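A.B. asks: following this: a sequence and the matching experimental structure.
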Amino acid sequence: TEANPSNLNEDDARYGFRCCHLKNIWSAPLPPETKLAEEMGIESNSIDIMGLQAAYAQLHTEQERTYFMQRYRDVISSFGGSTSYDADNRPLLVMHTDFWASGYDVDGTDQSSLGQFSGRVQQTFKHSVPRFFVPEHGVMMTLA
Amino acid sequence: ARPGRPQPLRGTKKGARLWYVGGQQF
Amino acid sequence: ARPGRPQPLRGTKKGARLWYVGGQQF
Amino acid sequence: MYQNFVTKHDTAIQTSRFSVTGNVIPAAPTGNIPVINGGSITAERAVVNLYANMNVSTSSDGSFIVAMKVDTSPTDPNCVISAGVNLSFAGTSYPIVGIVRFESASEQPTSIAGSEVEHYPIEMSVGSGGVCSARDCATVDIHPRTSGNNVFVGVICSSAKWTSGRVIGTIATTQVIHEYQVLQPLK
Amino acid sequence: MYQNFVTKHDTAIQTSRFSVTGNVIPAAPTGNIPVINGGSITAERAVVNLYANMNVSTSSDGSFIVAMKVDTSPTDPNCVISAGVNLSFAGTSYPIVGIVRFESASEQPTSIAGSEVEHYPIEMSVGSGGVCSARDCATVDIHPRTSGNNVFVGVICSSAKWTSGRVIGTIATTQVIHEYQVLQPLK
Amino acid sequence: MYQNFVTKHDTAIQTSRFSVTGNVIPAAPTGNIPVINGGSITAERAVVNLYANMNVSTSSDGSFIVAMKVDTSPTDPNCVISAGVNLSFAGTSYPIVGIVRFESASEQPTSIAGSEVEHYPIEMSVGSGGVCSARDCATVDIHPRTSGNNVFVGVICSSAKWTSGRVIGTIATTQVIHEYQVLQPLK
Amino acid sequence: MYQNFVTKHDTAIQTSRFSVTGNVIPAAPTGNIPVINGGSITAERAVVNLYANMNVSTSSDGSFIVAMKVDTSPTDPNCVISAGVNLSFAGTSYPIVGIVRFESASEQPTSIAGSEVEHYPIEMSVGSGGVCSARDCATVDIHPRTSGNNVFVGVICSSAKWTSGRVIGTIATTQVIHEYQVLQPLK
Amino acid sequence: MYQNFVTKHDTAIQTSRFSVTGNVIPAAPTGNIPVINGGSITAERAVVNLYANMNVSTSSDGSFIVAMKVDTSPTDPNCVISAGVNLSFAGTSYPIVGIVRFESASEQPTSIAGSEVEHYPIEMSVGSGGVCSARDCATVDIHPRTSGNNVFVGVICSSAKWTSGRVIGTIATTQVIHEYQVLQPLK
DNA sequence: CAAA
DNA sequence: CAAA
């Protein structure tokens, strides 16, 4: 929520915000507040099986959300609807490319460096954005 | 025995979904 | 991902005129 | 920073060590120089620890030697011989060192005539009144010039004016025909 | 000009420091040498600051030691061990230094027998009457020769004639199994 | 022959100079050490000219410091810090030098507690009775270890037995984050 | 072994030599320092032979200079300036040297104010009581900072306590803008 | 570690040796300097052993020389000339050395006028009261500047205040036009 | 990416 | 380059 670029700390303001590690078992867990048990009210000696029914259904709607519908758009999409980018005021992803950065090793050639190697990563790349129609004044931002 | 000159390894990358986190995360 | 071996960048170079300076200047 | 792995002298590792105590009788080049080794190092890498008394029973200006038997296996005409010394004397005498080569049909030379000793100067780390230090090397033909003798090399220590007194330190010397391998973190 | 980034000894950075004050009792190689470390540095990079009195309660000619526990993890037979010393004595005694290796089943050695100490000479920056300086290294087998002991290395300081008096300076020593990274402006 | 263009220390060029005269009050590590800089060099390259009297108003065995404020811009964990000193004392005291690092929320430190000073030994060109010389460097973490302070580095000069008397010379020190370009005839 | 062809200072060859005899009047940085050159070397490579008497008609603690006129042709901002000195004094005074840069509209400076002299420390080979030796260099901006003057460089020699007496040796200095070619047997 | 195979001076091997005893009559640059060689080394690699008395029959401040005849075959304008000295004097006089070049139609020069001698300073390993040490080299034009003479080079030794007394050591010098081959274990 |  |  940082109001101004001055509410930003040393590292961030200069280098950009941090992002998430590539998804794996520990870097992409289930939202921490994930329900691990759903309690349902019971009388003292009886249980409304018809209620227990709704109970589950209700839980469902809750999980569906927790798991993958935390954003409004996702909820709507869930019903089989749509949402303009103007609906939840979201940047419009115009283009997204990616690649693996490879390179080569430089060999050591002097008395002590001979047999040593330094890696010089160095990958070329294109990032093309198809003609795009800009409906309203704004900004086209490209980040890496 | 493969001829080529040693290449650095890339991505650890399939079937259906694995990571549910609430929505899209890059 | 593009194969080639890294090339240094050249000119920042189109439509109609931009620079009026009184005449020709190289 | 980057650790330096080159050096003018590699001190023998676990082997070739002899401790020498007693009286060291420096001598002049006109006579026979004292080779303070009875159990003279072999492997041609020698480390000698000194804890003895520098006695002037003979002349006041002389020199003593520490030596080793050169391995002559190598077909190469000559190889490098490094030395690393650290001597602290009690009696201010302004020590001095260098490397030497001499032959002798004798396996365990006790002394060598001065007119039979070859000199090879080396940068002296220090040469103060009571402490000479040096870690350097020199090129020396390793083959016996007279069909029959054994070749010897070592560091010699001299002075223009000695002074009775205890001396302590180490005299290391090696024939480079092997460079000790070593953990270099970046390889 | 171009800045030199290589060096015979890299002084440990923020860690491994111990200050030692009091009386340093130099000894002769015939007895047990004083290892002025109770809290002996571990990481096998050691920096020791000296501000004590060089006392001759025993012999007038001896030597004291500063040591560290060698990391034996590396499968490499032996690695480099560098030292960087700067000692200024009050009592002119012509100091002297070098690197040493010795084992002991004891974790925090207080003293080590002289006949149980291995020497490795090093170029002494200076060896004046009251100040010895040196920044060098040597090759040393890092594995325990006797199944069971811990391996120790460090710089030893000796003299042919000590002299009661305050001594001050720093004794740094490191087992090179890591080269400190460093800002090199042109890379 | 071929001119050598590498060097352990590049003395700042036209900037960062301060002349210091007066009385230098050496101190012991148990107290607060004198940092003879009021107008402490900034650019983290410092050249200090000495023409003052080494006075022993306090203890006879101590040490004084010359320092500079480390530039912390570099994201690199740590960079090299070189020093080049040439001091000639009148009163024979066997000087000694080295590099140091210490922090302080104060912008212009006048003195620093000894238990708050980190040492980094360096090969001393010379350490005679009345003149210490040295041109070397060392690796030092350039970032403030305590959120808030400024990092300082410089050369420290000590002695086991000082002696009232005039001292003269230069104390240069620099944080290598730039290598001075230079006319090399063959390129 | 392999001959080393690199070096911090190449002494001018057949040219630029001036012998200087007489009285050398060392001075303090508060006054004007003596530039013992009337026929100041030009080619910016200078060799000066000393055979004069170090006289203390002024202060007991000072410094004298030997200089040369910097060639400013090179468009390079600054180049290396090496010096190689060997001075032996009679009167123990613990000499000291370094390189300096100073300007002056005067073509043949006889003396220069101390507050107008820039210092550049250099590793001193030795700095004993009666002999200073050094062969090193430093980076120096070769262009006149004040539109109009000529730039001068050279080695300065100082002492905390001078002592009337004869001095002898050589003061060599050069602006590296040429590396002397040399027979290298293997090319 | 890796053995260093480069060096500023390679001492001649089995040849070019001459022992010199007797009285060495140091002289001043105003007169003719003593060239202690009658059987002056030829091959232009010279090793001279000293065991003589430094006598002051003339002036108290002077210099003596050791020389060799430069091989002029090489078409190269000039080549390197290295020297390696180790001298220990009895009489404290703070020696000093350097390399020199001088011509003479005479094949075996006995002395050379000071105004006819060219100097080339070299880093002195040490220059204590009674011992000078040095292993260095310098660039020298090897061709006779005056159609007819022979070119000579060697190390000169001077002092500001000599002192009658025995001197001992070695004076080695060589014209590098050959690098001695050497067993390098890893090739 | 509801591998709804 | 009158992107007259």
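C.D. replies: That came through fine. Numbers count the residues shown, from 1 in each chain, chains lettered A, B, ... in the order given.
A.B. asks: quick one: residue D:33 from residue E:132, how far?
C.D. replies: 29 Å (C-beta to C-beta, to the nearest Å). Bear in mind the C-beta positions are built from the backbone N, C-alpha and C, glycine included.
A.B. asks: so the two - more neighbours on which side?
C.D. replies: residue E:132 (34 against 25; other C-beta atoms under 10 Å in any protein chain shown).
A.B. asks: next up, the contacts around the closest residue to chain C within chain D.
C.D. replies: For chain D, the residue closest to chain C is residue D:186, as judged by C-beta to the nearest C-beta, at 25.2 Å. Contacts for residue D:186 were tallied using C-beta atoms under 8 Å, 6 or more residues apart in numbering or on different chains; they are A:116, E:179.
A.B. asks: which secondary structure state is assigned to it?
C.D. replies: coil (DSSP: H, G, I helix; E, B strand; the rest coil).
A.B. asks: phi and psi next, for residue D:78.
C.D. replies: phi -160, psi 150 (degrees, to the nearest 10).
A.B. asks: where along chain A do the helices fall?
C.D. replies: Listed in chain order, the helices of chain A (DSSP state H) span A:10-15, A:49-68, A:72-79.
A.B. asks: residue E:147: which of those helices is closest?
C.D. replies: helix A:10-15 (50.7 Å; C-beta to C-beta).
A.B. asks: export that closest one as CSV, just CAs?
C.D. replies: Provided in CSV are the C-alpha atoms of helix A:10-15 (Å, rounded to 0.1, in the frame of the first residue of the first chain):
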residue,chain,number,x,y,z
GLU,A,10,16.6,1.4,0.5
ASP,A,11,16.6,-1.9,-1.3
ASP,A,12,13.0,-1.8,-2.7
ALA,A,13,13.1,1.8,-4.1
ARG,A,14,16.3,1.0,-5.9
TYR,A,15,15.8,-2.6,-7.0
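A.B. asks: right, is it up against chain F?
C.D. replies: No: Helix A:10-15 lies out of reach of chain F by C-beta under 8 Å from any C-beta of the partner chain, never closer than 9.3 Å.
A.B. asks: which of the residues in that helix are buried?
C.D. replies: Neighbour counts over helix A:10-15 (16 or more other C-beta atoms under 10 Å in any protein chain shown) mark no residue as buried.
A.B. asks: follow-up on the earlier one: could you dump the helices of chain A to a markdown table with distance to residue H:176?
C.D. replies: Formatted as a markdown table, the helices of chain A follow (distance: least, C-beta to C-beta, whole Å):
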| stretch | distance to residue H:176 |
| --- | --- |
| helix A:10-15 | 55 |
| helix A:49-68 | 79 |
| helix A:72-79 | 81 |
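A.B. asks: closest to residue D:171 out of these?
C.D. replies: Using C-beta to C-beta, the nearest of the helices of chain A to residue D:171 is helix A:10-15, at 57.1 Å.
A.B. asks: please work out which residues outside that closest one touch it.
C.D. replies: With C-beta under 8 Å, 6+ apart as the test, helix A:10-15 has contacts from A:5, A:18.
A.B. asks: any idea how far that helix is from the chain center?
C.D. replies: Here helix A:10-15 is found 20 Å from its chain centre; the criterion is C-alpha atoms, centre = their mean, to the nearest Å.
A.B. asks: next one: stretch A:23-43
C.D. replies: Averaging C-alpha positions (C-alpha atoms, centre = their mean) puts stretch A:23-43 19 Å from its chain's average.
A.B. asks: same question for stretch D:83-96.
C.D. replies: Relative to the centre of its chain, stretch D:83-96 is centred 13 Å away, using C-alpha atoms, centre = their mean.
A.B. asks: got it, and stretch D:93-105?
C.D. replies: Counting by C-alpha atoms, centre = their mean, stretch D:93-105 is centred 6 Å from the centre of its parent chain.
A.B. asks: can you check stretch A:87-102 too?
C.D. replies: On C-alpha atoms, centre = their mean, the centre of stretch A:87-102 falls 11 Å from the chain's centre.
A.B. asks: wait, does it contact DNA strand I?
C.D. replies: No: against DNA strand I, stretch A:87-102 shows no contacts by C-beta under 7 Å from any atom of the strand, the least distance being 11.6 Å.
A.B. asks: output that stretch as CSV, restricted to C-alpha atoms.
C.D. replies: Extracted in CSV, the C-alpha atoms of stretch A:87-102 (Å, rounded to 0.1, in the frame of the first residue of the first chain):
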residue,chain,number,x,y,z
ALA,A,87,-13.8,-3.6,-12.8
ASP,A,88,-11.1,-4.3,-10.2
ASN,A,89,-8.7,-1.7,-11.5
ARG,A,90,-6.1,-4.1,-12.7
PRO,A,91,-3.1,-3.4,-14.9
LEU,A,92,-3.6,-5.1,-18.3
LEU,A,93,-1.0,-7.8,-19.1
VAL,A,94,-0.2,-7.1,-22.7
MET,A,95,2.7,-9.5,-23.2
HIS,A,96,4.8,-11.9,-21.2
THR,A,97,7.9,-13.7,-22.5
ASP,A,98,10.6,-15.6,-20.6
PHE,A,99,13.7,-17.7,-21.2
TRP,A,100,16.7,-19.4,-19.6
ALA,A,101,19.9,-17.5,-19.4
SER,A,102,22.9,-19.6,-20.5
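A.B. asks: can you tell me the centre-most residue of chain B?
C.D. replies: Chain B has residue B:13 as the residue nearest its centroid, 1.9 Å off, counting by C-alpha atoms, centre = their mean.
A.B. asks: my read is that residue D:81 contacts residue D:140, right?
C.D. replies: Yes: using C-beta atoms under 8 Å, residue D:81 is in contact with residue D:140, at 5.0 Å.
A.B. asks: tell me where chain D has strands.
C.D. replies: In chain D, the strands defined using DSSP state E lie at D:2-3, D:6-7, D:17-24, D:32-34, D:45-54, D:63-69, D:78-89, D:96-104, D:111-113, D:118-120, D:126-127, D:131-141, D:150-158, D:165-175.
A.B. asks: which of those strands sits closest to DNA strand I?
C.D. replies: strand D:2-3 (45.7 Å; C-beta to the nearest atom of the strand).
A.B. asks: can you give me how far that closest one is from the chain middle?
C.D. replies: 29 Å.
A.B. asks: stretch D:34-51 now?
C.D. replies: With C-alpha atoms, centre = their mean as the basis, stretch D:34-51 stands 8 Å off its chain's centre.
A.B. asks: also stretch D:32-45?
C.D. replies: Distance, centroid of stretch D:32-45 to centroid of chain: 9 Å (C-alpha atoms, centre = their mean).
A.B. asks: does chain H have contacts with that stretch?
C.D. replies: No: using C-beta under 8 Å from any C-beta, stretch D:32-45 never reaches chain H; the gap is at least 11.9 Å.
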